[PDB]
Amino acid sequence: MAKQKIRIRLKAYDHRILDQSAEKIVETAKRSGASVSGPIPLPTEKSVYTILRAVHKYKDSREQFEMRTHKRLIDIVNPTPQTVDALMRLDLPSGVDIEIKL
Amino acid sequence: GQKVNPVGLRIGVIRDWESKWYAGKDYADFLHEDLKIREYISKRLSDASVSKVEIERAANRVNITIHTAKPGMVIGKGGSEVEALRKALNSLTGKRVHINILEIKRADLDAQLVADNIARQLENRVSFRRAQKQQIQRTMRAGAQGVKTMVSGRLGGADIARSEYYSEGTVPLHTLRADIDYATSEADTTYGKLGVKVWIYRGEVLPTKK
Amino acid sequence: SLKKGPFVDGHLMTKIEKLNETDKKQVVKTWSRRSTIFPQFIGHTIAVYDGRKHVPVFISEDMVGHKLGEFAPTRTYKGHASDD
Amino acid sequence: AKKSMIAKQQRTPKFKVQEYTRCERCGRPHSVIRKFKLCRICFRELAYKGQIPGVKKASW
Amino acid sequence: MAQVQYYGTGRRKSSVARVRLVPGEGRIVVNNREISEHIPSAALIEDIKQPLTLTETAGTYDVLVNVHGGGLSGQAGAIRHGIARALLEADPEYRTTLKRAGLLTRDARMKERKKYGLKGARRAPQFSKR
Amino acid sequence: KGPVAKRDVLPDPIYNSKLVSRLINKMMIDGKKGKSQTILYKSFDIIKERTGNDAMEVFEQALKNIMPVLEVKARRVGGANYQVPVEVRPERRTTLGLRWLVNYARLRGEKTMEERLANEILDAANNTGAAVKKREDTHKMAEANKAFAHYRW
RNA sequence: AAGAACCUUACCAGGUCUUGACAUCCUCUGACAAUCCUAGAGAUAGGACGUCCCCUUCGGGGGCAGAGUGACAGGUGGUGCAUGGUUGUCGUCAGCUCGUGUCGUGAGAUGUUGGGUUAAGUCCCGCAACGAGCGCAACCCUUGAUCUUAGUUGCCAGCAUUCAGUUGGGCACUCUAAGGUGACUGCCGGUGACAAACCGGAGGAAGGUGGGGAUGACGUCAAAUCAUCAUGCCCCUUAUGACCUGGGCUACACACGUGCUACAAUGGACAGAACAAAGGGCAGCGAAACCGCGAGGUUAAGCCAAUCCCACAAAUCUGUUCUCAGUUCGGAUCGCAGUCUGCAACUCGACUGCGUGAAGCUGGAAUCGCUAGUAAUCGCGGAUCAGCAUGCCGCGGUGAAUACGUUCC
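Residue numbers (the entry's author numbering), protein chains in the order written: chain o, 1 to 102; chain h, 2 to 211; chain x, 4 to 87; chain s, 2 to 61; chain n, 1 to 130; chain l, 4 to 156.
In structure tokens form, the structure reads like this:
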């Protein structure tokens with residue numbers, strides 16, 4: 001009964017942009033479609049960075065700026081071509097890492 | 002410190018980054034092109050002026066929207082100027098471009114503009130004290146819960162060095178919802194450069210839910 | 004070093020080759036001290052460029068795998084105050 | 002001599018090993034992270050300027 | 001789908017455990033291994049088994065537990081808090097004696113993140129005047 | 004300020020009592036509960052082997068025998084130091100007892116650490132050894148010079 | 001200094017250039033650019049093979065080179081006793097001030113003192129003062145409890161399957177990240193003016209600013225950085241500039257600061273067994289198979305990664321063995337033979353095999369850290385990075401002793 005299915009994945013630094021993008025990318029899945037799996041959470045990987053405060057010495061004082069990387073997955077049992085043609089247009093967001101695979 | 006920049010704290014919790022995008026195979030190259038766009042907008046800062054440019058990119062696309070106190074300076078007559086700028090940027094970025102424009106209401110309220118203006122006043126060799134007073138009066142005309150301002154380096158050419166600051170109303174940088182605008186500027190008198198700083202407390206932001 | 008093999012810059016190779024086949028010229032300066040001594044190179048005397056001054060160096064049969072520039076120390080001794 | 006140094010770097014090295022990392026915004030070599038090719042101070046000032054998401058600062 | 005059993009998650013310092021109090025002989029099972037075997041010897045294992053003995057004594061219920069993360073003592077402590085909370089879910093009435101026992105809460109504590117300029121997230125290597 | 008709360012130790016299963024757990028705390032080095040565990044059980048075993056008696060009894064008599072009744076406390080009010088004798092807190096009593104116990108046990112020089120802990124604890128049982136001698140020395144520094152610490156301070 | 005073999009590098013020595021290595025204006029031709037040979041250490045010069053492109057009725061447009069030319073360009077040159085900018089320090093200490101008014105000839109004072117209370121100028125009450133601003137606090141992040149939404153690459157309990165959560169299935173649970181719940185002295189009791197607050201107890205996953213981080217107030221030290229950048233002034237310019245080879249930044253009689261490894265039987269050595277977290281990876285991580293004692297190599301699957309790889313956790317536990325000594329303690333120093341990276345490992349790289357087996361058997365005077373998951377200690381990862389991490393930044397394992405107290409520093 002198992003069969004290959006399209007499984008779009010999203011990635012972004014900001015999360016509000018990411019789950020707004022998730023809602024926008026599943027909303028097209030809902031119309032002219034069926035089932036529509038929700039956006040399941042992924043572990044997310046941050047990158048820490050310690051940098052010196054002073055231009056010269058005083059290495060004892062520093063600061064940690066870091067960049068987290070969120071990830072998400074979305075699925076749909078029915079390929080439904082009409083919402084795939086609808087999928088081609090995406091006004092938002094400029095900052096998103098959608099990836100399509102079947 | 003002794004004074005950490007509020008702009009380095011406000012971002013994230015209460016304000017958006019000046020340039021948002023995603024990366025990507027080349028995180029550096031997007032940053033290079035964007036910093037170059039800053040380098041040319043800085044050339045546009047010479048007279049047309051700008052408070053800030055917001056930037057967005059999505060693979061072979063860019064959204065370098067501008068907001069400025071004087072919108073017609075960059076548009077020109079017939080809109081030819083924004084087009085020529087669009088070509089000058091298209092020649093460099095190597096990708097499609099469509100620069101946007103915005104006209105801020107009560108533009109004096111913005112920290113970048115008042116800081117650039119008082120800096121130009123320092124270029125005009127007007128007394129720095131009276132200039133800061135006119136700053137506080139003008140921002141008072143702008144209407145705000147609290148405002149602070151500061152200048153450093155040579156002042157009137159007197160003494161080896163001096164630093165001054167004036168303020169009125171609450172200016173709570175330690176507040177995490179303060180939404181305080183921050184600005185810096187660099188005057189260039191023959192006696193020497195003049196450091197410029199200004200803090201603008203727009204007021205607390207109340208979180209929403211639906 | 005490692006394998007295949009010791010590495011002269013290669014100009015010294017043709018130089019010592021021509022000097023071996025004929026002429027038998029003696030005493031020649033070199034800036035490239037990195038080159039290792041070779042069996043074909045034997046018996047030659049090279050002025051070694053330490054930097055400050057060239058130091059002439061005869062080549063005994065015993066020396067091959069040692070670097071040609073190793074024999075001349077750039078370092079100046081010692082220098083110390085009250086000896087003994 | 003930073004102009005001579007960036008001129009030295011932008012030109013192709015005689016050997017590929019020679020290419021040390023350096024930021025474009027400033028000509029200072031040394032202590033430049035390779036992953037972002039920015040100055041520690043370059044990245045510092047841009048960090049107060051805010052160039053990338055997000056939080057910032059000193060979490061976890 | 002078999003006979004009814006209670007279960008209680010129990011973690012400590014990044015070491016999580018999933019106990020299952022199935023009634024039976026009372027022999028304990030950790031990762032398909034005996035507690036006498038999985039952590040020899042180790043006497044502390046009896047301290048992992050103490051809360052059941054401190055409460056009336058004794059059933060004794062069989063335990064099928066699956067634990068992951070942490071070291072041996074940490075995962076064993078996870079077995080302890082895990083059988084403790086499961087015993088809490090056994091009957092509501094027992095909880096009163098449990099207040100005297102403490103033996104719950106799992107006090108969250110774990111090694112502190114290192115401070116910059118410090119080796120032990122508190123310790124400073126050295127100081128010297130002049 | 005004020006007094007601080009102190010945690011009670013998890014009781015040792017063998018022999019039940021928490022005080023033995025206090026020994027598990029003190030004898031331990033490099034943060035190893037297991038090494039203290041092995042030396043503890045081997046200690047009970049070697050006590051079981053020579054001169055038969057309950058380990059808890061000889062241990063109890065030993066710890067009762069190694070607690071000082073008084074302790075001096077140096078204070079420089081003027082020229083040269085001046086120790087002040089005072090009655091010891093029972094927690095401080097067992098603390099000094101166990102610390103001088105493990106310390107002198109460490110220096111016994113025997114090839115087996117457990118056997119010399121045994122010889123030491125039996126020396127405490129027999130009113131002898133370096134530990135009892137040291138408590139006696141503290142007893143000498145005390146009493147003989149308690150007059151400055153009579154009821155003054 | 002988040003990587004000095006060359007480069008970096010600035011400094012030295014030698015060899016070379018003067019509108020220049022780098023930017024612009026002019027006139028001005030011409031595409032620019034490369035393919036090799038010759039001489040040289042390179043730097044570059046001497047030759048040929050070569051470029052001679054794109055839009056225009058001929059003026060041109062375009063990068064770009066070359067030529068000359070005045071301009072200029074250039075300095076990690078001097079000045080942090082000219083600075084902007086950025087950062088230490090007292091100090092995450094609770095103070096520093098202003099508006100109005102009052103008092104004082106005046107400077108100044110009152111407010112900010114006093115009583116109680118607090119980590120706090122914290123709150124409360126009173127007070128010739130009433131307010132307010134910058135801080136503390138709160139607001140944020142992280143950690144812990146729980147719910148809801150959402151179940152793959154992650155998850156395996158209930159079911160069958162298998163060498164294997166691996167494969168059917170399950171999407172409970174662990175786990176994952178969004179929105180919520182929760183702590184506020186609030187509930188009780190006592191003290192206190194019935195105020196603030198403290199103490200005790202209950203409730204509770206966490207109790208009395210829960211733990212940690214971020215958050216550093218007016219200012220002090222003419223504190224640090226002209227050498228990140230920017231630059232006032234001063235100085236140099238066929239040279240304080242530029243190119244290159246080699247050096248040096250690693251010196252060596254010694255002093256000091258700061259780490260690492262040990263001086264050993266709670267141990268060393270061997271064998272077996274067992275528990276992590278977090279991070280990194282496509283110019284990359286590189287499994288498995290095979291070759292070599294080892295380091296690595298040959299070859300190559302998979303992985304843009306909750307899939308796969310870096311990758312095995314180490315202490316520990318279980319036994320065997322040595323039986324108290326410069327030792328089966330420790331590893332220094334050096335020799336020989338290999339290996340990774342790189343045009344290239346002499347100066348001045350790392351690692352391995354073999355051999356050699358310093359000193360040190362716990363350290364004077366003196367001095368440092370730390371109140372609990374802290375000290376103690378064991379391994380792992382990353383930034384750095386061709387190669388080079390005992391340093392730095394993190395991750396987790398194991399995990400205490402003591403705090404009577406403000407006499408003294």
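Where is the CB? At the ideal position from N, CA and C, for every residue including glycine.
- Of all residues in the region 95 to 126 of chain n, only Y116 and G117 place a beta-carbon less than 7 Å from a beta-carbon of chain o.
- Between n:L54 and n:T60, the beta carbon gap of about 13 Å keeps them out of contact (Cβ cut-off 8 Å).
- Taking all protein chains shown into account, o:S47 has fewer than 16 neighbouring C-beta atoms within 10 Å of its C-beta and is therefore exposed.
- Contact with chain s is found for h:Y28, since one of that chain's Cβ atoms lies less than 8 Å from the residue's Cβ.
- Neighbourhood of o:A54 in chain h, by CB distance below 7 Å: empty, with the nearest CB roughly 11 Å away.
- Short of 7 Å from the beta carbon of h:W22, and not among the five residues preceding or following it, lie these beta carbons of its own chain, in chain order: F31, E57 and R58.
- Short of 6 Å from the beta carbon of o:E45, and not among the five residues preceding or following it, lie these beta carbons of its own chain, in chain order: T69.
- A check of alpha carbon separations from s:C24 across s:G51, s:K57 and s:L47 identifies s:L47 as the nearest.
- In this structure, the CA atom of n:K49 is about 32 Å from the CA atom of l:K67.
- Of all residues in the region 66 to 86 of chain o, only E66, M67 and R68 place a beta-carbon less than 9 Å from a beta-carbon of chain s.
- For the region 6 to 33 of chain l, the beta-carbon criterion of a distance under 9 Å to any beta-carbon of chain n is satisfied by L13, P14, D15, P16 and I17.
- As summarised for the region 32 to 82 of chain n, the continuous alpha helix (DSSP H) elements at least 4 residues long and confined to that stretch are 35 to 38 and 44 to 54, given in chain order.
- Ranking n:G82, n:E25 and n:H68 by CA distance to the CA of n:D47 puts n:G82 first.
- Per the Cβ contact rule, the region 22 to 32 of chain o is in contact with the region 64 to 84 of chain o (3 or more Cβ pairs under 8 Å).
- At a beta-carbon threshold of 7 Å, the residues of chain h lying near s:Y49 are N6, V8 and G9, ordered along the chain.
- Secondary structure note for l:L120: its alpha helix (DSSP H) is the uninterrupted segment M116 to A128.
- Within the region 35 to 50 of chain o, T50 place their CB atoms closer than 8 Å to a CB of chain n, listed in sequence order.
- The beta-carbon separation of o:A12 and o:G95, rounded to 6 Å, stays under the 8 Å limit for a contact.
- Contact annotation for h:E34 against chain o: no contact, minimum CB-CB distance about 15 Å [criterion: below 8 Å].
- Annotated as proximal: n:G10 and n:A78, with beta-carbon spacing under 8 Å.
- Counting the other CB atoms within 10 Å of its CB gives o:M88 a total below 16, which places it among the exposed residues.
- The beta-carbon of h:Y23 is placed less than 8 Å from the nearest beta-carbon of chain o.
- The beta-carbon separation of x:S35 and x:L15, rounded to 7 Å, stays under the 8 Å limit for a contact.
- Going by DSSP, l:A58 is part of the alpha helix (DSSP H) stretching over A58 to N68.
- The alpha-carbon separation between l:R102 and l:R92 amounts to approximately 15 Å.
- Between the region 60 to 73 of chain n and the region 12 to 20 of chain n there are three or more inter-stretch CB-CB distances shorter than 8 Å, so the stretches are counted as touching.
- Within the DSSP bridge table, the entry for x:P59 names x:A50 as partners.
- Nearest to h:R16 by alpha-carbon distance, out of s:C43, s:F16 and s:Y49, is s:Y49.
- When the alpha-carbon of h:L177 is set against those of h:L156, h:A143, h:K44 and h:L207, the nearest one is in h:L207.
- Under DSSP, x:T33 takes part in a beta bridge, and its partners are x:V51.
- Within 10 angstroms of the beta-carbon of l:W156 lie fewer than 16 other beta-carbons, which makes it exposed.
- Contact fails between the region 80 to 90 of chain h and the region 112 to 122 of chain h, because fewer than three Cβ pairs, one in each stretch, are under 8 Å apart.
- No Cβ-Cβ contact shorter than 8 Å links l:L120 with l:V61.
- Residue o:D60 holds the alpha-carbon nearest to the alpha-carbon of n:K115 among o:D97, o:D60 and o:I76.
- Three or more Cβ pairs closer than 8 Å define a contact, and the region 64 to 82 of chain x falls short of that threshold against the region 9 to 29 of chain s.
- l:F47 and n:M110 have their C-alpha atoms spaced approximately 34 Å apart.
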